[PDB]
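Colleague: Sharing an experimental structure here, sequence included.
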Amino acid sequence: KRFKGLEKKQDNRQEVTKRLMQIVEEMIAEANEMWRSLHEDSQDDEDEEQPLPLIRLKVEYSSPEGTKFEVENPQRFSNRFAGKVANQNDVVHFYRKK
Amino acid sequence: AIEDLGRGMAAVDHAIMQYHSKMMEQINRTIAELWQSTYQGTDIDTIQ
C-alpha cells in the first residue's frame, strides 16, 4: 500500500532507493528501542556501548504485467548503511516468485 | 565447375551455421533447468 505502485507506470531507479530508506530506517528505530527496553535496568552500567543491530528485508519485486521495477545492486544498497548495520554485506535480498 | 564449388562453399557454410545456432538453444534448454532446480541461495536467476 505504501508504494501504491507509483513505480509500475514510471521509471523507478531514482526513487526506489528513496522508497526503501523510509522502510529500512524505521526498522532500526524499533531495533534499538527493544534493546533499550531490555537495557533500561542497571542504567547501562556495563556494555554501555550500543551494538549495531542486524536488519534483513525480504522484498519480492514480482511485476503484474508490462512493469519493470528497477533493482539496485545488493552490495551497493547494503553498504549505504555502513555504521548503522553490522551486516553491511547484505541488508536486503531481492527475489522473484517462480 | 568453379561456380558449382563456390556455391558448395555456401551450402556447407550455411549447413554448418545451422548446426551451431540450434545447439545453443538445446544446450541452453538443458542448462537453465538444472541451475534453477539445484541453486537455492536465489541471488542468481539463471545462466546461459
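Modeller: Structure's in. What do you need? Residues are numbered from 1 along each chain as shown, chains lettered A, B, ... in the order given.

Colleague: Could you use CA atoms for every contact and neighbour count after this?
Modeller: Will do.

Colleague: Residue A:25: neighbour count?
Modeller: 14 (other Cα atoms under 10 Å in any protein chain shown).

Colleague: Kindly provide the distance from it to residue A:13.
Modeller: 19 Å (Cα to Cα, to the nearest Å).

Colleague: which secondary structure element contains residue 34?
Modeller: Just going to use chain A. If you go by DSSP states H and E, residue A:34 is part of helix A:13-38.

Colleague: Hmm, no, I was thinking of chain B.
Modeller: Short version, using DSSP H and E: residue B:34 is in helix B:2-38.

Colleague: buried sites along stretch B:3-13?
Modeller: Neighbour counts over stretch B:3-13 (16 or more other Cα atoms under 10 Å in any protein chain shown) mark no residue as buried.

Colleague: could you dump that stretch to PDB, C-alpha only?
Modeller: Output of stretch B:3-13 as PDB, limited to C-alpha atoms (Å, rounded to 0.1, in the frame of the first residue of the first chain):
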ATOM      1  CA  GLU B   3      30.700 -21.700 -59.800                       C
ATOM      2  CA  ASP B   4      29.300 -25.100 -58.600                       C
ATOM      3  CA  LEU B   5      32.100 -25.500 -56.000                       C
ATOM      4  CA  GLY B   6      31.900 -21.800 -55.000                       C
ATOM      5  CA  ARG B   7      28.300 -22.200 -54.100                       C
ATOM      6  CA  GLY B   8      29.100 -25.500 -52.400                       C
ATOM      7  CA  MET B   9      31.000 -23.300 -50.000                       C
ATOM      8  CA  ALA B  10      27.800 -21.500 -49.300                       C
ATOM      9  CA  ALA B  11      25.900 -24.800 -48.800                       C
ATOM     10  CA  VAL B  12      28.300 -26.300 -46.400                       C
ATOM     11  CA  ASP B  13      28.900 -22.900 -44.600                       C
END
